[PDB]
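One structure is given below, encoded as structure tokens.
Using ideal geometry, Cβ is built from the backbone for each residue, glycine included, and neighbour counts are taken over all protein chains shown. Just so it is clear, none of the values below were taken in a lab; they were calculated from the coordinates.
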Amino acid sequence: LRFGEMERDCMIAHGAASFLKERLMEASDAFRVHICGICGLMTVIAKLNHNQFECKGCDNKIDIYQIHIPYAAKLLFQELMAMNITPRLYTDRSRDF
Amino acid sequence: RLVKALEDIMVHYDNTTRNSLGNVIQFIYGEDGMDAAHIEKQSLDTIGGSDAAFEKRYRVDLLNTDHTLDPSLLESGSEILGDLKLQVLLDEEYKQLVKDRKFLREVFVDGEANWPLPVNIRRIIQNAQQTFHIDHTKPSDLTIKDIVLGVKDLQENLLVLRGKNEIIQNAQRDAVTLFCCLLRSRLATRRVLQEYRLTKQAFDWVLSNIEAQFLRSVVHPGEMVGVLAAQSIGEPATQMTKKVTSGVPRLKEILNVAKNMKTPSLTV
Amino acid sequence: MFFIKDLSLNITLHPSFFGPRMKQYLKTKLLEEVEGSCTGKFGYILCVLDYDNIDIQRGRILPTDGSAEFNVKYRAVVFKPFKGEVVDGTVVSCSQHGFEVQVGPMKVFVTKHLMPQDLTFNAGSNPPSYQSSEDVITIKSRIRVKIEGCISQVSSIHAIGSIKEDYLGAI
Amino acid sequence: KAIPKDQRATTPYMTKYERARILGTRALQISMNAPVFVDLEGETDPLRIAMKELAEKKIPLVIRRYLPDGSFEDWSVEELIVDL
Amino acid sequence: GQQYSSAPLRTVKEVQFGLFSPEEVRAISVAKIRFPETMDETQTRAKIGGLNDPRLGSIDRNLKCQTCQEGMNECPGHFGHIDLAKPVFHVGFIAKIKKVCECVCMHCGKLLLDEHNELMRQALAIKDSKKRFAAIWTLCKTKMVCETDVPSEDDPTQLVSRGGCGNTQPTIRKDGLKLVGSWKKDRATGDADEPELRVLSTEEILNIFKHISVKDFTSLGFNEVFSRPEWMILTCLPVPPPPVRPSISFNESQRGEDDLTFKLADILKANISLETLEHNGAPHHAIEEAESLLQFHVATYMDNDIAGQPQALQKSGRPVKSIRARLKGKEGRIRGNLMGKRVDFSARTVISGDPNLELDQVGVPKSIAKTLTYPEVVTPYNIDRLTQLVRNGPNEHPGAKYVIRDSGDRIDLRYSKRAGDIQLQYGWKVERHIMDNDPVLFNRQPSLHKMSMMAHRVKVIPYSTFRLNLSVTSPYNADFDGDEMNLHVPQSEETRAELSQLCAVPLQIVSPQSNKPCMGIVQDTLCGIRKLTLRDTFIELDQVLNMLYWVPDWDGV
Amino acid sequence: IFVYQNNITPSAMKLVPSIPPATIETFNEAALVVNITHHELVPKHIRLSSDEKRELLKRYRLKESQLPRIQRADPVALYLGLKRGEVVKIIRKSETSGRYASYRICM
Amino acid sequence: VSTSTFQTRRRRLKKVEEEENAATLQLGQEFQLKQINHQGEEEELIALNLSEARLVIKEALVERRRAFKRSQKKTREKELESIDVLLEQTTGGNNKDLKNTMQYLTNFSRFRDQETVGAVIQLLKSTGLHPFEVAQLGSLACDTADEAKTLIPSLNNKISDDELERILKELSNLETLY
Amino acid sequence: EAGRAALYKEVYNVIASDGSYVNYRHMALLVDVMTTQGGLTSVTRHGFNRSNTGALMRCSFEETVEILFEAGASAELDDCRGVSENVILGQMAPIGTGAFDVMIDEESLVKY
DNA sequence: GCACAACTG
DNA sequence: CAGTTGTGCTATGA
Ligand SMILES: [Mg+2]
Ligand SMILES: [Zn+2]
Ligand SMILES: [Zn+2]
Ligand SMILES: [Zn+2]
């Protein structure tokens, strides 16, 4: 059943942050990807078995993180890349405030 | 559009209302820092009536034999007449209530008394009575100092903001300005003794409850007032069914910050 | 060479361990992971210094599961070989292609060609050796090597060495 | 940047959201076979244990209250007022 | 679910947007994406090492990914590339490309105006990346000559030589996908009167953009690491892997490629014509013809609903679905798949009001309770119950559907040969039935306010309708004229808590909307409450006793 | 402050920023007929000092970005001859609190 | 999860240059001279000569064995067997690397006693050379200023020949026996 | 400031007309939000959706693709402070229950 | 089905 | 400066 935008708002209104997450992730889309730490893209060739990690073109076989995002988001990101747009995803900050 | 415009708006641990950029929207939520669920329309007594009946309801002159508090009212009564030191306290009490009155008349120009505020003071008193089985015939065991100063103290404990500095301290004073007028109006010396007929304990209990009830009434940091306010405006718009354009089209007019509007008018 | 480094690992604990032997378990897990570990960044992470004063810090509760993540700040002895570094080690393996000198936790290999011409391979010996007019290099032998270069392989670092230059070789 | 204890200025009272997260967290932990700091006097529901733990203020957790500027004030459940 | 990965688990803290440098596109590319032919090793079923898997992602469901081994639910998919025969504009940037030309010299690549113009240094000051670029444009668009010598900041008598090049600047107008210039010239000070008219080639604008100084373009909206202007022009085309454009494979011997897979094959086709055309005997007009077409296919693949009307349509009349379209709101990635989702552990049926239920409960039909599951961890406090629930099975009411080991592997009690002989170990999960008193989210759409989504106590009841207390009618806006309501079941001890502690029906009673309660006595009960409480109304002993007993808390007095 | 009857030529109007650090204000006589600050809807605006502003930002952990704004050309901002960066304290009567303090930064 | 450091640098997208490592004292970014300790304070690199390294590890495990027994309340060939025992009591055993290291260190250490090692440490940490150079002069046994300056090539113009030779003469005297 | 006062009066009146009562605060908050920026900001794509908030957040209302294109060309950096971002990212948002962090203290853990 | 918004005349 | 063309949205779930 659709847990649409309006129903999302209601949770936001409730301050039910985690129920909302569970609803959007675990109860739907929830997916695991490997991103590079240099270029913020899903370029990582995770051969999780031989435990090999690599992001060629970055030569990074070291600075790699796994992330839990909705498959729809992962898609959106690949769709933006197909449109030459780089949705660089980073696991730390550089801003403050 | 309402929900999208406000989504990221919430009360922070500094009692500020900000967005995703942390820009201040309201310095203190709702201008008072109160949670809307904890508010009731209460009568600001001091506001209306003749200057004469205000005087009758409020004024205590222990130096005038006809305007003192009768020893019927409190045990202290007979020994209270002519006590110059206490009269200074009652003079403050009165001077403040008159100040309050002029201020309320500046705020609500029309003279409307009924306004939504935290802590139902009427109910506290009512319960104090049924709780303590208040004998309206026997005199109180309260001091003028007990009443006068006790209310003065209670006021200092009605905490919304907390910071130790002029800026924040003054913000706190401002936040609680109206609620105090209400409190001073209801808990004045004559009212406490002549109307409510409160005993020392019954009074201390009233004060203690007002404190907790008030503290309980403040907003919780984390409260997502963005969506709240948006839904709070949106939902009643759904229910909708001189001749100046009103209802949904005017609301549409308004939100869109429409330049070329339907019914322009001046009220001269 | 042989350094002391100020490192930090990020251990995630399962709720079952949120008892009192918590710091104890975390400190042990630190040694499990980090001690005997080998990176390229820092090389061989050999011995974790100052066990008593390991900074646990506060562990943050990870949201949808119940676990807690800790940044365990620590100090330890490392060994990171460098190109151009002069090492003194002991021969372990020795073949027709050259000998492999054991330098601490790591092995350096000297090519038949990275040694002087005078040194020749002798198959006809128990154990196999490299013989010169003066020197004889076999298994137990102690050598001074110039690390020509390093290869950062997984759980180790390998290196190629020269004994051809001056003040290098059998000692 | 971490506001020191003597300088903390947020409510000394626990928020509705805080309580809900504490109760939720402990119950999730209790259910994940974690150690219980209270006498379960016949308790079996991890929430009912979490509630008992909060009532006896034997929950070993700290709320990290973040401020819009980045800084924070750490408060213990032990120290927070649960008037709610 | 998905397998264990050593990789440190983190959260996305920042999203740094940018543009692809061809160099990157090539570098991140696992294949190139040389032939429009989908697969069929020439009619022989299996993907052609040339388009859609020349390493890439993977089809088949069986047969692991060629680069990573993982497969289908795991392999995210890996990007490819096509080297374009000639540079092409990215549709989305066509106007920025124009606005950038309108701000720089179309010969030397110097900002038209600079530090010397007072209004320019005023605009150059603007902190905001966007407003700054806008202010710069409004000023530089007027400027029609690249200046060599400008009047000095101290005196206009002794003029100072700034940046070189004296060339006149064209008047740029968009002829849809083409940018055409109109240089006024000079000719005895008069002309134009009849100007010089030519199309500005992608390649020339590209060279111009490559010559714009870092400081010059950084003064413009652009970034020297993440978005250099030259990257608005496309040289290397990234190929999105199958997960973006899957092949809907009906039966064994039949294809079903995505729309994107077709539009890509078109870009491919158009490119090889252009490639062979220029390499061989270039009839020059046929070169600008095959180019314009590739420009069209690269354009339409991204955005299809453009100003200059011809919608790129698949032979069926049906217009080809652009990636841009995929994202456009209410349905379409953002609004449709992300701000909202269709969810698991949800139920919907007709509602009917019950005076015998309590305000905070909700009557849940048995069949629904039998479908909906709570994942409950085997603990000493529940072990025995959970074992009986497992024993009871999927068909009995208080039962269970699946037993999850530590191994992550699911035991379907419905079929498993060990469904009876099964012993739970602490740490396993029993996916049990929704039982009486479970907290659940109950909602009635639209969902205008907070109160339209509340937490309720389960009450498993017979008959196919969701039952609710009449006083909770108004917050929802429910009527029993045939309304339907939705139910969501939390899966975590944390989640249940959120519902029970923040959004429970008793908590929602007094509403912050109008500082008043949002539920009261209604209908029969209201009609009848007046009736009972008239002075004229009296009750004889017999009925008084039932009326008392009926109040569940009654002190027995 | 220059009070002008009908208009000032754009020739002369360009000589307004000519003499810094000194500042020149132009006011059309027609506007000034009615004091807008005396309106039912117009609250007290108070110019904060360099030291006062510094404190407001310190006490609220603010960047000037985070502060709500007043445009330089705002009727009241003109009356008080407010400069860019200058902050005002606004005192309105609240139906909620009785008295409320807002703050606006100049643009 | 792998191990992290004190150094923070935010190399955004800018992958490379990853500079060559030689004793032209161009060591890692990680092995810089100027560095940070857990307490945020700036602190110069710590390099150790084999023996400085031997006593550090030995001592570390010794105090660890003390802590492992505390919480539980409720001559070179002869030193080799000794350490091999200490390891079995404090190390994860699976750490074959520290085992090999301890043997190597036991057999190649120039100074047995802490007192001796301290004197070496003082004598060298006065030359004002780089921790690495200082380590090599303590680790590698040299007789000529040329022997030294060839093997620790970085030394070159940094020190005088006779000065270095005086140091070598002193290190030879401090050289613990066997 | 008078514009804010008038805007409230005018908003309040639409609600009051239909004989409905809405708590002051809500209307105040809307009015305030339009006002804060410096002048009158609309509750349209030309209004709020144009501010310096996170690109991802803004793309969730009206100019979706256009917003995202601009983001890349201008190398925009989303803070990930907005609700929407977390919702898109499948992250626990800094909303009510997520407005603070929770930690085990090994000091109090040993005390009990 | 409309309400600004922005480019061209 | 004014005029016309140009752009992007139009309730929630079944
Ligand atoms: Mg109906
Ligand atoms: Zn990379
Ligand atoms: Zn793959
Ligand atoms: Zn030029």
quick note, chain F, DSSP beta bridge pairs, % antiparallel (nearest 5) is 65 percent
Straight-line reach check, E:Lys366, cutoff 25 Å on alpha carbons, 8 or more apart in-chain or any other chain, hits among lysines -> E:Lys401, E:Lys429, E:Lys459
Reduced to Cα centres, the span from the range E:173-249 to the range E:474-509 in Å works out to 55 Å
Over the range F:2-107, the quotient of the Cα radius of gyration and 2.2 N^0.38 Å is 1.27
Everything considered on the Cα gyration tensor (a ≥ b ≥ c; rounded for a/c under 1.5, else prolate if a/b is larger than b/c, else oblate), chain C must be described as prolate
In Å, the Kirkwood estimate of hydrodynamic radius for the range H:8-104 over Cα pairs equals 16.0 Å
Expressed in nanometres to one decimal, the distance between label points 7 Å along Cα→Cβ at G:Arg76 and E:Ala307 is 8.8 nm
In whole angstrom, the spacing between the Cα centers of the range B:1-80 and the range C:68-83 equals 60 Å
Here D for the range G:72-168, in µm²/s, from Stokes-Einstein with a Kirkwood Rh over Cα pairs at 20 °C and 1.002 mPa s, works out to 137 µm²/s
Counting only DSSP beta bridges with both partners in chain B, the antiparallel fraction in percent, to the nearest 5, comes to 90 percent
Placing each pseudo-label 7 Å from Cα in the direction of the beta carbon, F:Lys63 and E:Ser464 end up separated by a distance in nanometres of 5.9 nm
By the C-alpha gyration tensor axes a ≥ b ≥ c (rounded if a/c is under 1.5, else prolate when a/b exceeds b/c, else oblate), the shape of the range G:1-47 is oblate
Of the listed pairs B:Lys4/E:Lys450; D:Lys16/E:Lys450; C:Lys29/D:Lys1; C:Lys146/G:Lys125, those with alpha carbons more than 20 Å apart are C:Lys29/D:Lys1; C:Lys146/G:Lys125
On each of the three principal axes the extent of the alpha-carbon atoms of the protein assembly as shown, given in whole Å and largest first, is 133, 106, 79
With the label point 7 Å along the Cα-to-beta-carbon line of G:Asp161 and a cut-off under 11 Å to each amide N, the hits in the range C:147-171 are none
In chain E the DSSP beta bridges are antiparallel at a rate, in percent to nearest 5, of 85 percent
In whole angstrom, the spacing between the Cα centers of the range A:6-48 and the range E:50-126 equals 26 Å
For G:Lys96, the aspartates and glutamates lying under 16 Å Cα to Cα, once residues fewer than eight places off in the same chain are dropped, come out as C:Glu32, C:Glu33, C:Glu35, G:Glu81, G:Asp84, G:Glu88
The set of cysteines in chain A having no other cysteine's C-beta under 4.7 Å reads A:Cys10, A:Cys39
For chain H, longest principal axis from Cα atoms; helix H:2-17 axis from its Cα atoms; angle between them, nearest 10 degrees, is 80 degrees
For E:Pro54, the net charge from surrounding residues (Cβ-Cβ under 9 Å; K, R +1; D, E -1) works out to +3
Note, C:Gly66: beta-carbon cut-off 10 Å, +1 each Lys/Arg, -1 each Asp/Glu, net -2
Simple spin-label estimate for A:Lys61/B:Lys56, 7 Å along Cα→Cβ, in nm, reads 9.7 nm
If E:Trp231, B:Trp205 are placed from fewest to most neighbouring beta carbons inside 10 Å, the sequence is B:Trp205, E:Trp231
For E:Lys269, counting only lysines whose alpha-carbon sits under 26 Å away and dropping same-chain residues fewer than eight positions off, the answer is E:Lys32, E:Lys47, E:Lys86, E:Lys178, E:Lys315, E:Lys321
Rounded to the nearest whole number, the Stokes-Einstein translational diffusion coefficient of the range C:1-82 at 20 °C and 1.002 mPa s (Kirkwood radius, C-alpha pairs) in µm²/s is 158 µm²/s
Cα pairs beyond 23 Å in the range E:202-317, in percent, come to 50 percent
The percentage of Cα-Cα pairs in chain G separated by more than 26 Å is 46 percent
